[PDB]
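Notes follow the structure.
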Amino acid sequence: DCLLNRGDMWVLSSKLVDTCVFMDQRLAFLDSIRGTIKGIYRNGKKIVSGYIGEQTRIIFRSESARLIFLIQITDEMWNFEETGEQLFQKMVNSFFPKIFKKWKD
Amino acid sequence: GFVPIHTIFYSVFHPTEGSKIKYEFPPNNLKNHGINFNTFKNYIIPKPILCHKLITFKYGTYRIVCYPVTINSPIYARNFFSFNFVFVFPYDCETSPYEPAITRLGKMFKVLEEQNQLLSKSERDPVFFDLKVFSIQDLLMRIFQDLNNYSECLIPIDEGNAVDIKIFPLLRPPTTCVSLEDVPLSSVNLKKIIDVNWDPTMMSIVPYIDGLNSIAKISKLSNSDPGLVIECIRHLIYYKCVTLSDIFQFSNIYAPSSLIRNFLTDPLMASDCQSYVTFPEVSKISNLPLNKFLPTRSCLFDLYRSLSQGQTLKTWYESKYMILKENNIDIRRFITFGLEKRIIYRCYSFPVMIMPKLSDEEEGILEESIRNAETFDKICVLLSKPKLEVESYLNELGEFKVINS
Amino acid sequence: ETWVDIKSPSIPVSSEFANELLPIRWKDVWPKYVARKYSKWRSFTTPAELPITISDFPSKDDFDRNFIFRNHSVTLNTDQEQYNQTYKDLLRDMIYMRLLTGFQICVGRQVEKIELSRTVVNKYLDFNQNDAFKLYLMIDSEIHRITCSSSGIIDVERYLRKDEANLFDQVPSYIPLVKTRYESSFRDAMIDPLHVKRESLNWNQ
Amino acid sequence: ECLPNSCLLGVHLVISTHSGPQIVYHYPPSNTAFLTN
Amino acid sequence: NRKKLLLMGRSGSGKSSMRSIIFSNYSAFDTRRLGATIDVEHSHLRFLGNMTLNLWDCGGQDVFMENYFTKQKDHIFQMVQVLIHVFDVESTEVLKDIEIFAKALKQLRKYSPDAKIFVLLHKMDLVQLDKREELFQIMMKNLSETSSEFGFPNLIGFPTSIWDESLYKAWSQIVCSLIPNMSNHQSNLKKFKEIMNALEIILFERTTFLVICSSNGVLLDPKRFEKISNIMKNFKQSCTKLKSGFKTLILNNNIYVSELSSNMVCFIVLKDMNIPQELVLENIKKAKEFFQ
Amino acid sequence: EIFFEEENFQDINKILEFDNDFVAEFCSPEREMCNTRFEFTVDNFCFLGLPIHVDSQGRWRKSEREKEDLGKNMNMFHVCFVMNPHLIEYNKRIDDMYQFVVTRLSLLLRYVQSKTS
Ligand SMILES: Nc1nc2c(ncn2[C@@H]2O[C@H](COP(=O)(O)OP(=O)(O)O)[C@@H](O)[C@H]2O)c(=O)[nH]1
Ligand SMILES: [Mg+2]
């Protein structure tokens, strides 16, 4: 729910050096931008808390982003799968409702 | 075949008068046929541990298939709204093909009810709702009649939703005991079945299928890994099109089977056998000496029964060569017709234990094949060498015997 | 290269090279040893930004095969230092403006190897302790390097990747039919989707 | 399929007293993961 | 020692709300999320350390109610000790409720006529305060006339709701009709009251916090038992927040609340305020093995 | 002994992600669905058995004191077999199991319950 530039992400990561964080910690940038540390990784283990150094590959995933869907309407959309379902029937009955339920959750 | 539906009805959970049959087609079929909605009412509308599952039970002589669905939201009265599209079949059938269709119908109507309350507002009763914050019968009629007549439906229920059900037969999974020494046949013409949607490997396997190419030979010819060839051959077996066979040699121990009387009891087997085993012209192979106009059906029947368990094909051909020369019979086609009709079989050869210097990998796979008691065919395929060289290599490695089973 | 040449679809995977079939620019979003079976729903629900850091860099032979060379020399005038803006602020603003287009800050082993074959490369930017920064940025169009000292003379060298025989001229024109939501007939699109591209910006101005 | 395979997973001894149905004895206490696979 | 209790009513009568609040430890606000009970929901609940309560939370909807008296009549209504019929005062079909109760009484008289019928007029908080007692008496006269027709000379009723403490009193008096050795408990409690010289000693249960017996059986509140039960339930739910369990409570060195055993909680109100705490605690600990 | 290993053990009160009370509930049918086959399928789990229910009288079949109390109080006992056959061999596996094991076992159990509890 806030627009960060790429340089804004770089500056926020630069401010997050030599400082230890933990899971679900609400960081703040410019007293309005809200963060959430949902995952700290080290040697293949999801540690509860970790230390952020100079060579830490910090990523900025977006929980409110613009999305583009490109559905192919082809001759195969009305074809039947081996179980007995059309592919567009799958698209409108199991992909979109599940992804909207997941997005709401 | 597909079993016809006996009775379709739509149950619903009324928050005051309980579970009941809201709509049913044909009308009053359950009461006329003896089915009572007071014995299995706890399975049609169950507690929410059995919900969202394909409940199927037996009631007398009728097998009942249903997919109960329960939606949890504060909008509905009592925080729940349960319904069930129940399908009833006679017990003495197979309800396997209709099960994914019933599950998908229940799932689709659950999705629509969660989206825009298509099934709850159709009751036209505010008792289903909290009250503080399309015809089902025609749809059931169309579903029942279209699944009884056409096994398909494109039934519209709204401006953007349609009940699209197609019923497919259930096919057995293919074998897993397919190896590199088995030649695949093709009972169907695979040239006209190829379309744009095929696997790239299965496109390449099709030209090299003629009843005499081994699976490793197909893999090497089409530049394919043997594993994907195995999977593609399994897929072709899955549709009942390709049947495996044996590599044809002149050192085989072909013997009559228990179906050799089918060459007399089948009116259309010997007639095709006359035309099948004959060369198109007077071929020169029917003119070579032993050492230096179509065939009679009785001759073919006498030649089929002349094989025995221990007489190799070389000995049988050099013991019966005037008959296969005057009648102009192709011996490979002669054997292949008998193998295809399952009237003769092959006694496999087993090198059980008791030359150029081959490589370390060759001797390693030779030892691994010997330890697993593999046939001479598999050893010959893996070493890419004939039977005599394999026998000489084994005799150099140790004493052994051949079992013709 | 944007693809790997598979000899045949019928041959199987050689060892485990499928995990190596990853985009170079987005390679840093995955962890070091966590399997990819977990990051399936996360790509759908919570899409990831393009990372600031890039762990790949061309070798010595690639700079001597298809590349060119330019030079910059920027230093803020006496008008801007009336405000609280020194050469460090200008360097920060320049790295800020190098981003927002697709650039990625280079740090790792290959960048150090190229720097030695010519001292310390930087990822972030701290103005208190350090007083001379050197850090590389790379996109497929061009590769930048920015160096600074106490003199305030910022040196920028850009290695533009030369186009290969005008790929945007070898493609036929393709004008589809686009029907929007408020329309009722399939009208004609006003832009060619194939011939529109992210142009190389004039970074000097 | 001529291969013999009696696909069995367990047995129950469910009795119905006047105080409600109850389970008296089921022999295999293993979970679904070991039994199905 | 298995006791079969039957909990019947009409749809939405609040039977599962009673079962949840009294036994399953749910708050009054948490009964709104409860779903509709399909058929009969059995609940095996252990009271004290020897009694077990087989409470049968019946459906109460029209199909379930018609199924109970036709096909399951030989299963639901045999070996039954206590019937708890729940009546809703918001219902507009009161005559149908009385007819259903008459059918239930007829079946119980036919099969197990030694039972004890209790009726609870639930949801008596939507009605105004002036007409609660009058409505309860008006419905209780008809229910007693109906009850006396199908055997069963006695029928005890309680105005109940989940937004007050009358539910605890009603369920306590329902449960206490099944507790064995009540006379021995009364005699031992009277002996302890005489020994400790206490004004009134009340004995509870540790889990459900229902009244079991009292020493007496300055004018005091006649509804003090249910209020103490509600206060102790609220205090237990408050002490669950501190990641521990309630053990003892002393008020003004005059009101002693202590865990008498692993299944009972004593409520002792003494007469003299000058008794030290240790003597009362020691006398409580001496009687801990006596009531076992 | 493989059923009691640490990696292959579940609680006694839970049977295949279901509680014991719920399984005892839905495997105990009414009178109309008793004394016959009980081929119940949930999801790739065919709960199969032959329930034996007492008649209108106390007769199980027609031609310590807690033990006698339970003998006079029990009205139905069920031997439920859990099967997971493939979808192509359901009508074979369930039919052969019920034909060769379940029917004879439940009939012998009903007979021995009828004579001497
Ligand atoms: N206002 C009020 N609502 C009650 C009371 N008792 C029960 N309810 C309501 O009853 C609903 C739950 O009913 P439930 O126990 O499932 O009815 P049952 O299935 O017939 O036993 C809840 O939403 C409560 O709001 C009461 O004393 N006062
Ligand atoms: Mg209920």
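By convention in this document, the chains of the structure tokens carry letters A, B, ... by their order, each chain's residues are numbered from 1, and ligands are numbered from 1 in the order they are shown.
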
key: All residues having an atom within 7 Å of ligand 2 (only C-alpha atoms and all ligand atoms) as a PyMOL selection string   = chain E and resi 15-16+36-37+57-59

task = Name all residues at most 10 Å from residue 217 in chain E (count only C-alpha atoms; drop same-chain ones fewer than 4 positions away) and give them as a PyMOL selection string.
result = chain E and resi 186+190+200-202+213

Sorted per-residue table, chain B near ligand 1, closest atoms and distance, 12 Å, only C-alpha atoms and all ligand atoms, as JSON lines:
{"residue": "B:15", "atom": "CA", "partner": "ligand 1", "partner_atom_place_in_ligand_line": "19 (O)", "distance": 9.8}
{"residue": "B:16", "atom": "CA", "partner": "ligand 1", "partner_atom_place_in_ligand_line": "20 (O)", "distance": 9.7}
{"residue": "B:17", "atom": "CA", "partner": "ligand 1", "partner_atom_place_in_ligand_line": "20 (O)", "distance": 11.9}
{"residue": "B:18", "atom": "CA", "partner": "ligand 1", "partner_atom_place_in_ligand_line": "19 (O)", "distance": 11.3}
{"residue": "B:74", "atom": "CA", "partner": "ligand 1", "partner_atom_place_in_ligand_line": "23 (O)", "distance": 10.4}
{"residue": "B:76", "atom": "CA", "partner": "ligand 1", "partner_atom_place_in_ligand_line": "23 (O)", "distance": 12.0}
{"residue": "B:77", "atom": "CA", "partner": "ligand 1", "partner_atom_place_in_ligand_line": "23 (O)", "distance": 9.3}
{"residue": "B:78", "atom": "CA", "partner": "ligand 1", "partner_atom_place_in_ligand_line": "23 (O)", "distance": 7.0}
{"residue": "B:79", "atom": "CA", "partner": "ligand 1", "partner_atom_place_in_ligand_line": "23 (O)", "distance": 8.7}
{"residue": "B:80", "atom": "CA", "partner": "ligand 1", "partner_atom_place_in_ligand_line": "16 (O)", "distance": 11.2}
{"residue": "B:130", "atom": "CA", "partner": "ligand 1", "partner_atom_place_in_ligand_line": "23 (O)", "distance": 10.3}

message = Only residues of chain B matter here; which ones have an atom within 6 Å of chain C, counting only C-alpha atoms? Give them as JSON, numbers by chain.
response = {"B": [201, 224, 225]}

Select from range 148-258 of chain E everything DSSP, run on the backbone, classes as helix (DSSP H, G or I), then give the selection as a CSV table (one decimal) with C-alpha atoms, in the first residue's frame.
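Final output, result.csv:
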chain,number,residue,atom,x,y,z
E,148,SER,CA,-48.9,-34.8,34.8
E,149,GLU,CA,-51.0,-36.3,32.0
E,166,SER,CA,-29.5,-18.8,35.9
E,167,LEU,CA,-28.1,-21.4,33.5
E,168,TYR,CA,-25.5,-22.4,36.2
E,169,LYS,CA,-28.2,-22.9,38.8
E,170,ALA,CA,-30.5,-24.8,36.4
E,171,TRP,CA,-27.6,-27.2,35.3
E,172,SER,CA,-26.4,-27.6,38.9
E,173,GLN,CA,-29.9,-28.7,40.0
E,174,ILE,CA,-30.2,-30.9,36.9
E,175,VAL,CA,-26.8,-32.6,37.6
E,182,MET,CA,-25.4,-36.8,48.4
E,183,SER,CA,-26.5,-37.5,52.0
E,184,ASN,CA,-22.9,-38.5,53.0
E,185,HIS,CA,-21.6,-35.3,51.4
E,186,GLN,CA,-24.2,-33.2,53.3
E,187,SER,CA,-23.4,-34.9,56.6
E,188,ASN,CA,-19.6,-34.4,56.1
E,189,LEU,CA,-20.1,-30.8,55.0
E,190,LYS,CA,-22.3,-30.1,58.1
E,191,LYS,CA,-19.6,-31.7,60.3
E,192,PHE,CA,-16.9,-29.6,58.7
E,193,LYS,CA,-19.1,-26.5,59.2
E,194,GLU,CA,-19.5,-27.3,62.9
E,195,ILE,CA,-15.8,-28.0,63.3
E,196,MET,CA,-14.6,-24.8,61.6
E,224,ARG,CA,-25.9,-16.5,45.7
E,225,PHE,CA,-24.9,-20.0,44.5
E,226,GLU,CA,-25.3,-19.2,40.7
E,227,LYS,CA,-23.7,-15.8,41.1
E,228,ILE,CA,-20.6,-17.4,42.8
E,229,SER,CA,-20.5,-20.0,40.0
E,230,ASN,CA,-20.5,-17.2,37.4
E,231,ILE,CA,-17.9,-15.2,39.2
E,232,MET,CA,-15.7,-18.3,39.6
E,233,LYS,CA,-16.1,-19.1,35.9
E,234,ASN,CA,-15.1,-15.5,35.0
E,235,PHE,CA,-12.1,-15.6,37.3
E,236,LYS,CA,-10.9,-18.9,35.9
E,237,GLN,CA,-11.2,-17.5,32.4
E,238,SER,CA,-9.2,-14.5,33.6
E,239,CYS,CA,-6.5,-16.6,35.3
E,240,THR,CA,-6.1,-18.6,32.1
E,241,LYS,CA,-4.5,-15.4,30.7
E,242,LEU,CA,-1.6,-15.7,33.2

message = If the cut-off is 10 Å, can you tell me the residues of chain C near chain A, counting only C-alpha atoms? I'd like them as a PyMOL selection string.
response = chain C and resi 28-35+41-54+92-93+95-105+107-108+122-126

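For chain D, the residues having at least one atom no farther than 7 Å from chain F, when counting only C-alpha atoms, are residues 6, 7, 8, 9, 10, 11, 12, 13, 14, 15, 16, 17, 18, 21, 22, 23, 28, 29, 30, 31, 32 and 34 of chain D.
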
With C-alpha atoms retained, could you export that selection as a tab-separated table (two decimals), in the first residue's frame?
chain	number	residue	atom	x	y	z
D	6	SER	CA	-6.22	-57.63	-1.26
D	7	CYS	CA	-6.15	-53.86	-0.71
D	8	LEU	CA	-6.78	-53.85	3.03
D	9	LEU	CA	-5.83	-51.12	5.51
D	10	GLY	CA	-7.52	-52.00	8.80
D	11	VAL	CA	-10.49	-53.34	10.73
D	12	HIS	CA	-12.89	-51.81	13.24
D	13	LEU	CA	-15.03	-53.26	16.03
D	14	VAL	CA	-17.81	-50.67	16.28
D	15	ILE	CA	-20.62	-51.49	18.69
D	16	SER	CA	-23.75	-49.46	19.43
D	17	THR	CA	-24.75	-49.42	23.09
D	18	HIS	CA	-27.69	-47.43	24.44
D	21	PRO	CA	-21.87	-45.77	19.33
D	22	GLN	CA	-18.22	-46.24	20.21
D	23	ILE	CA	-15.05	-47.80	18.83
D	28	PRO	CA	-3.51	-50.93	12.86
D	29	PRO	CA	-2.78	-47.60	14.60
D	30	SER	CA	-0.62	-46.25	11.76
D	31	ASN	CA	-1.35	-42.97	10.02
D	32	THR	CA	-2.62	-42.41	6.48
D	34	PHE	CA	2.32	-45.08	5.77
